[PDB]
Amino acid sequence: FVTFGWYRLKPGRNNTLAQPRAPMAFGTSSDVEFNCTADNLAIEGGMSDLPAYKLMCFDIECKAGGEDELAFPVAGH
Amino acid sequence: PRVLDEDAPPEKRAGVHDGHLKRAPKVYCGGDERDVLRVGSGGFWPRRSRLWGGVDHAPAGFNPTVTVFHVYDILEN
């Protein structure tokens, strides 16, 4: 097992499977969710490529709105 | 800011407004307008979310099979 890499669901210890959670029991904001144990998982070596993951690259701009509008912004104000 | 209210005398322009207001937050994308927190069908920014506050906004019959899944982060809870 690795912290960053492809994986794969397996048949499991006896035949136990990944048990797909029901859309209401989702803990995360994900599309599909599962309930495995460590034996329903396989590393799936051979794949390397990176999935379709998204990158947000944000940048805020702030204004200072006090008596001195040349002062630098402060979040508490 | 008070300068955002364009038709108002030059001396109600400095400073900011403040204080509680009672309407769902809207977003104006060009000529259109929408509630910020309203997923619905249309949208002014993309969405990869399935649930939104309990409602399931996926096309019915969503049930993607999962046999391989890149993993990028691991939580514990």
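Residues numbered from 1 in each chain as written, not as in the entry; some residues may be left out. Chains lettered and ligands numbered in written order. Part of a larger assembly, values for the part shown. Heavy atoms only, no water.

### Structural notes on the side chain of B:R34
Residue and element names in this part refer to chain B.
Part 1: Mapping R34 onto the fold places it in strand β2 (residues 34-35).
Part 2: A polar contact of 3.0 Å, which involves the side chain of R34, links it to the backbone oxygen of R38.
Part 3: Residue contacts for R34: discarding those within four places in its chain leaves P25, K26, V27, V39, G40, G42, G43 and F44. (Helix = DSSP H or I, 4+ residues; strand = E, 2+ residues; numbered from the N terminus. Polar contact = N/O pair within 3.5 Å; in protein donor to acceptor, adjacent residues only side chain to side chain. Contact = heavy atoms within 4.5 Å.)

### With respect to the interface of chain A and chain B
Part 1: Contacts between chain A and chain B engage 26 residues on the former and 18 residues on the latter.
Part 2: Buried surface at the junction of chain A and chain B, summed over both partners, amounts to about 1900 Å²; 66% is from carbon and sulfur atoms.
Part 3: In this assembly, chain A and chain B are joined by zero salt bridges.
Part 4: Classifying every residue of the side of chain A that touches chain B gives 15 nonpolar, five polar and six charged. (Buried area = accessible area lost by both parts, 1.4 Å probe. Salt bridge = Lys/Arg side-chain N within 4 Å of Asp/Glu carboxyl O. Nonpolar A, V, L, I, M, F, W, Y, C, P; charged D, E, K, R; others polar.)

### Quick look at the environment of B:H70
Part 1: You can see B:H70 is positioned in the segment after β4 (55-56).
Part 2: Relative accessible area serves as the criterion here: at 11%, B:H70 is assigned to the buried category.
Part 3: Within polar-contact distance, the side chain of B:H70 engages the side chain of A:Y53 at 2.9 Å. (Buried < 20%, exposed > 50% of the residue type's maximum accessible area, 1.4 Å probe, protein only.)

### Quick word on the packing of aromatic side chains
Two descriptors summarise a pair of aromatic rings, namely the distance from one centre to the other and the angle between the planes of the rings.
Part 1: Within this structure, the stated rule accounts for three aromatic pairs over all chains.
Part 2: Ring centres of A:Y7 and B:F69 lie 5.7 Å apart, and the angle between their planes is 15°; this geometry places the pair in the stacked category. Here the residue A:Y7 occupies a position in the segment before β1 (8-9), and B:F69 occupies one in the segment after β4, the pair thus bridging two chains.
Part 3: Residue classification places B:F69 among the partly exposed positions, given a relative accessible area of 24%. (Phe/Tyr/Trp six-rings, centres within 6.5 Å; stacked < 30°, edge-to-face > 60°.)

### Focus: the nonpolar core
Part 1: One finds A:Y7, A:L9, A:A18, A:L41, B:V66 and B:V71 forming the largest nonpolar core, which totals six residues.
Part 2: Excluding its chain neighbours within four sequence positions, the residues that come into contact with A:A18 are A:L9, A:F34, A:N35 and A:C36. (Core = buried A, V, L, I, M, F, W, Y, C linked by side-chain atoms within 4.5 Å.)

### Notes on a nonpolar patch on the surface
Part 1: Together, A:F4, A:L50, A:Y53 and B:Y72 line one region of the surface with nonpolar side chains, adding up to about 450 Å² of accessible area.
Part 2: Residue position: A:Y53 is located in the segment after β2 (41-42).
Part 3: Residue classification places A:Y53 among the partly exposed residues on the basis of a relative accessible area of 34%. (Patch = residues over 30% accessible without salt bridge, like charges linked within 9 Å, V, L, I, M, F, W, Y side chains within 5 Å. Areas by Shrake-Rupley, 256 points an atom, 1.4 Å probe, with all protein chains shown as cover.)

### Thoughts on the environment of A:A38
Residue and element names in this part refer to chain A.
Part 1: The topology assignment puts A38 in the loop between β1 and β2.
Part 2: Judged by its relative accessible area of 57%, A38 is exposed.
Part 3: Separated by 32 residues in the primary sequence, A38 and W6 have C-alpha atoms spaced 15 Å apart.

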